[PDB]
Amino acid sequence: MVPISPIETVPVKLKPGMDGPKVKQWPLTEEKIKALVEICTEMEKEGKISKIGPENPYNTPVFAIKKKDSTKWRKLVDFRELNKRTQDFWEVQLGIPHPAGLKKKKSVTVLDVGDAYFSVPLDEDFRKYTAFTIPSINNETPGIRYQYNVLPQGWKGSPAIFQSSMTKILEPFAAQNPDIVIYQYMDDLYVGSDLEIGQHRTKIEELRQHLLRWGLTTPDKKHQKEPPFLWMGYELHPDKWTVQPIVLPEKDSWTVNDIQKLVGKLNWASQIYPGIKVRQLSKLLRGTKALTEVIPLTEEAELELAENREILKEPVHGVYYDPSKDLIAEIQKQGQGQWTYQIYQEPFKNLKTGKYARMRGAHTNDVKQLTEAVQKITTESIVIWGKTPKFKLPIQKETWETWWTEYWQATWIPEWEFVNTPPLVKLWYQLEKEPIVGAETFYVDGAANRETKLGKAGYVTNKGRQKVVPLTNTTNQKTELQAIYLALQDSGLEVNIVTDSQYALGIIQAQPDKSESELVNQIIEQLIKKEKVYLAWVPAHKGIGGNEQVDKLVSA
Amino acid sequence: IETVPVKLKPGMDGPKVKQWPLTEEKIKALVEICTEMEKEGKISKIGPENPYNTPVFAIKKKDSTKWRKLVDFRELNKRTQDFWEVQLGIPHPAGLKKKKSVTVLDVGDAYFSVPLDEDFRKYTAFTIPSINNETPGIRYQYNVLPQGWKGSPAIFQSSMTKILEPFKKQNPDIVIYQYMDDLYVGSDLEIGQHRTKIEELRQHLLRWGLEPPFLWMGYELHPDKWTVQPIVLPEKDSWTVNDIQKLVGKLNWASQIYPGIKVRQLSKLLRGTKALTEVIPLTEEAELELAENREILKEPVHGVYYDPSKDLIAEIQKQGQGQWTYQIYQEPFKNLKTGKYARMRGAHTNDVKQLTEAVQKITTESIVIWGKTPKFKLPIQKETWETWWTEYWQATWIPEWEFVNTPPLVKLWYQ
Ligand SMILES: Cc1cc(/C=C/C#N)cc(C)c1Nc1ccnc(Nc2ccc(C#N)cc2)n1
Ligand SMILES: Oc1ccc(Br)cc1
Ligand SMILES: [Mg+2]
């Protein structure tokens, strides 16, 4: 024989303080027992399981299931209890490769490594915890006791310990063959390269020789799977990729669950289909989670669905990554807090697409949203390609400079260039830094009784202009905004406004262009129509003229 | 060479912190660094039975072309036992902040000479990720004292004091302080002199070493020229209504810090409903109240004390024009230090780089004065900060931070 190098064992422990499982073996029919005995005898013949004495106190239940439409029986060892007691492992599969980060390959061969999976040795000191019992015929003899010597399917550590063992076996080959890529998915190895088919097929042979050093045999009759590959919801081709077919169903009535699965498909599709939108359809699942409830689709949501159907009419494909070229990312504003983007290297050949949605917030503006989208694409691009793309953004360079220099927070967007494709992001208003000479000065105030919710809002000005409005179902905070609104409504194109509302200044200092509050929205509308607005803050109840007069008018 | 036993704190597991995305250039740098650390025995590859993780990235220290590996041990440092065995804690030298010159040296390479308790190594696990997760991340753990771990200076303390004994006996007026991987060396000498004693000090550890990649560097400070920000009020010959409104606002704010501040006579000038740009003459009662407020503001704040058992808090405001103001305190309105920057380096068009440099300078200031780092309240959205701060970081430690999402009115009063 040819000496084989052994697979080193990973030391395994149970969670601290936890002992092994001691689960009762459920009664089985005489026909399932004889099926399990034959199955386990052959597993024993192959070195997978070994019979144990009666000293081992642990046990895990075993079942017999009929492979349907077959007289064949299949074994199921239910390790649910042992898994709860087994330590946590490092999981490498958590990050899945994105197809848009892959490279073009001329050839991709698949090798079956199932031989290796069911043949990775298990830590000798952990085997006892995998004990199970075949019941005896008529319970007149002791059940047959066995323990695993290999990695048990359904055990918590089997996927991680298999991947780590395979990776360690392959690392020397990969390092010394930098002309190929190797990827392990389930019990298959995928080997890709750009070599001529003969040079490539030699590498595969060489990889088979390397694997034989650990006794790992690969089927000679080469795999049936061939490009395209159906994987993690994608279609992988040699020189392009896409998502598996996206079919939006026809439905006369839509239910909560149906909308959730519609949005899920749209989200999945949005990574290569440009312009997918889901705002109005997601609005339908606000707050409610009764899967069986029917929600009438609003006109807005029917339009969004109709728009999505026409985007999904025909297949779209992405190209793979060419490291020798820059990455470009282009963003468009879609409305109602929705943003879409495309990442490409040569014009009209997208690597991938995507979308970003306005975060939940009382107030917002387009510049902040555009900034957040840039950060998201930047982070996604670091993951997929390891570098930041150059950005093409629908915002003038002058608009960005004015926003960043004057915004109270630090903010930054990476290298970018203006792309003149409406709708453009712009600043809708900008407050003055100094008081305006010649502009009327409005001293505003409001107040509300906390019991009755009755209040007043108003102003007094240096020209003797005055207004007080009685209000119902209001609050101090609402009356303070109403006062500012009244001053804007009644003033000319240039106005100085003096408020004592820290609340109102916090909001306006945040420079919103749309809000949850229709009152803030009315204020924004008024600000947009002014030429110059200076907003001044003073502390309340300090004898400041103007502010003192109107405070007493409104808190009466 | 015999390991000190190290434990986590009671009822506390090891860190399980996700590795954040790394650029291609940082990955390739870390692969090269870790390959040569592995050959030198400093780290070893680990298996899947180790589920712990601490994030890693790479930086370029101030004025260096060579990548430095930086592990973010913030979580492990929180969960690591406190080291009060041999010393309840070296008392923090209050004289360091009073020297004319303080040079900071990276002595972290010395830690690699001491083995790490073999039962604790698992908790130092880290991962070198691959672009697009196309290959399994490279998993390592430390066999020696890691840089950035709070236990490294503690375990190496005994060794450091003996290395430095000949230099300390020959130079008794020098104050030497160790924080994490940094050595702060303060003197009152002429800088030409100063640089030569620093070079003398570097030799002691090359001698003992017999190579450290960054020991040759020197970050020179001058804590005796450090400036502070008292509250100052404008001196004007013509006060507009708006000017007086801003004055009364600022004085009202100051009255939370200083008891005897008054604004009654100044408010009295506003009587009526006047245009914001109208000039108001000060009456003599307002001028006196204002003068009395000026003299209050020249005295220290009452009841301000440092407590080493409480967190330091650092707030920063963007003032524009590359200018930043900051305050360090433990209790509201009881500032222990205030300051202002404008010299932020190579960042005239990058606010986030400026802020990152300000955070580092403030943290350095805090280390020198109190021997620990403050918790920052940063005027930035978390997503913007988290995406970029690592690109401008040049220190070997990392403080804690939270995000300010509502604009503070106090910005006006510190400008
Ligand atoms: C992640 C991955 C999944 C599969 C397959 C999983 C499955 N099922 C196959 C391979 C070889 C890889 N690994 C890599 C690594 C770098 N570039 C590529 N490019 C690449 C991959 C497949 C096709 C095709 N057809 C074309 C190019 N693949
Ligand atoms: O020979 C081997 C079989 C399986 C693995 Br996983 C690693 C090596
Ligand atoms: Mg009031």
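About the cut-offs
- Residues numbered from 1 in each chain as written, not as in the entry; some residues may be left out.
- Chains lettered and ligands numbered in written order.
- Heavy atoms only, no water.
- Residues with missing side-chain atoms left out of burial classes, pairs and counts.
- Donors = N, O, S within 2.8 Å, 3.2 Å for Na, K, Ca; no water.
- Helix = DSSP H or I, 4+ residues; strand = E, 2+ residues; numbered from the N terminus.
- Buried < 20%, exposed > 50% of the residue type's maximum accessible area, 1.4 Å probe, protein only.
- Salt bridge = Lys/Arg side-chain N within 4 Å of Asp/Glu carboxyl O.
- Near = heavy atom within 4 Å.
- Areas by Shrake-Rupley, 256 points an atom, 1.4 Å probe, with all protein chains shown as cover.
- Nonpolar A, V, L, I, M, F, W, Y, C, P; charged D, E, K, R; others polar.
- Polar contact = N/O pair within 3.5 Å; in protein donor to acceptor, adjacent residues only side chain to side chain.
- Axes fitted to C-alpha atoms, helices over the stretch in contact; angles between N-to-C directions.
- Left-handed = near helix turned anticlockwise from the far one by under 90°.
- Contact = heavy atoms within 4.5 Å.
- Parallel < 35°, antiparallel > 145°, perpendicular 65-115°, else oblique.
- Pairing = 2+ DSSP bridges.
- Expected span 1.5 Å × (residues − 1).

(A) Up close: the coordination of the magnesium ion (ligand 3). All names here are of chain A. The protein atoms that coordinate the magnesium ion (ligand 3) are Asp 445 (OD) and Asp 551 (OD), at distances of 2.5 Å. A residue pair is termed long-range when its members are at least 10 positions apart, and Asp 445 in strand β18 (residues 441–448) and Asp 551 in helix α14 (residues 547–554) qualify at 106 residues. Summarising the burial analysis for this pair, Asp 445 and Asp 551 share the class buried.

(B) Main features of the pattern of salt bridges. Evaluation of the coordinates by the stated rule reveals 57 salt bridges over all chains. The residue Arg 208 of chain A makes a salt bridge to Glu 205 of chain A at a minimum N-O spacing of 3.3 Å. With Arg 208 of chain A and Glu 205 of chain A both in helix α5 (residues 197–212) and 3 residues apart, the pair spans about one turn of that helix. Exposure remark for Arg 208 of chain A: the relative accessible area of 12% places this residue in the buried category. Given a relative accessible area of 42%, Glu 205 of chain A falls into the partly exposed group. Ionic contacts of the salt-bridge type, sharing partners, join the residues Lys 61, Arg 68, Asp 106 and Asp 181 of chain B into one network.

(C) A look at the site of ligand 2. Residue and element names in this part refer to chain A. Every residue near ligand 2 is listed here: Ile 7, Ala 116, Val 120, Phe 162, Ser 165, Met 166, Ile 169, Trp 214 and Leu 216. Protein coverage of the free-state accessible area of ligand 2, which is 270 Å², stands at 100%. The dominant element in the shell around ligand 2, judged by the number of residues it contributes, is helix α4 (residues 158–176), at 4 residues. Among the residues making up the shell around ligand 2, the classes are represented as 8 nonpolar, 1 polar and no charged.

(D) How the structure looks around the site of ligand 1. Surveying the vicinity of ligand 1 reveals 15 residues, the closest of which are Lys 103, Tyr 183, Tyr 190, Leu 236 and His 237 of chain A. With respect to ligand 1, its neighbouring residues span chains A and B. Separating a nitrogen atom of ligand 1 from a backbone N or O atom of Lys 103 of chain A is a distance of 2.7 Å. With respect to ligand 1, the backbone of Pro 238 of chain A contributes an N or O atom lying 3.5 Å from a nitrogen atom. Contact with the protein chains removes 98% of the 600 Å² of surface that ligand 1 exposes when unbound. Listing elements by their share of the shell around ligand 1, those giving two or more residues are β7 (180–185) and β9 (229–231) of chain A.

(E) Focus on the packing of helix α11 (residues 476–490) of chain A against helix α12 (residues 502–509) of chain A. Residues and elements named next belong to chain A. In contact at an axis separation of 9 Å, α11 and α12 are set at 65° when each is read in the N-to-C sense. α11 and α12 meet at a crossing whose hand is right-handed. Here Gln 477, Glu 480, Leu 481 and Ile 484 of α11 come into contact with α12, specifically with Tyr 503, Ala 504, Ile 507 and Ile 508. Here the contact of α11 with α12 is composed, by residue class, of 6 nonpolar, 1 polar and 1 charged.

(F) Expanded view of the packing of α11 of chain A against helix α13 (residues 518–529) of chain A. All names here are of chain A. Where α11 meets α13, the axes come as close as 9 Å, and the angle between the chain directions of the two elements is 25°. In this view, α11 runs roughly parallel relative to α13, as classed from their interaxial angle. In this structure, α11 meets α13 at a crossing whose hand is left-handed. In this structure, α11 uses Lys 478, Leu 481, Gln 482, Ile 484, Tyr 485, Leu 488 and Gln 489 to contact α13, whose residues at the interface are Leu 519, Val 520, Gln 522, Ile 523, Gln 526 and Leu 527. For the contact of α11 with α13, a count of residues per class yields 8 nonpolar, 4 polar and 1 charged.

(G) Layout of the sheet that holds strand β17 (residues 416–418) of chain A. Residue and element names in this part refer to chain A. With mixed pairing, the 5 strands of this open sheet are ordered in space as β14-β13-β12-β16-β17. Each having just a single partner strand, β14 (349–357) and β17 make up the two edges of the open sheet. Looking at each pair of strands side by side, their axes are set apart by 25° on average, direction ignored.

(H) The side chain of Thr 133 of chain A, seen in detail. All names here are of chain A. By the secondary structure assignment, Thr 133 is in strand β5 (residues 132–134). A polar contact of 2.6 Å, which involves the side chain of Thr 133, links it to the side chain of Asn 59. At 3.0 Å, the side chain of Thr 133 and the side chain of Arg 145 are in polar contact. Discounting chain neighbours no more than four positions away, the residues touching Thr 133 are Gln 25, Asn 59, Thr 60, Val 62, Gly 143, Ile 144 and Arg 145.

(I) How the structure looks around α11 of chain A. With 15 residues, α11 of chain A should reach 21 Å at 1.5 Å per residue; the first-to-last C-alpha distance of 21 Å fits that figure. For α11 of chain A, the set of buried residues is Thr 479, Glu 480, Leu 481, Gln 482, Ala 483, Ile 484, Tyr 485, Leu 486, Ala 487 and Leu 488 of chain A.

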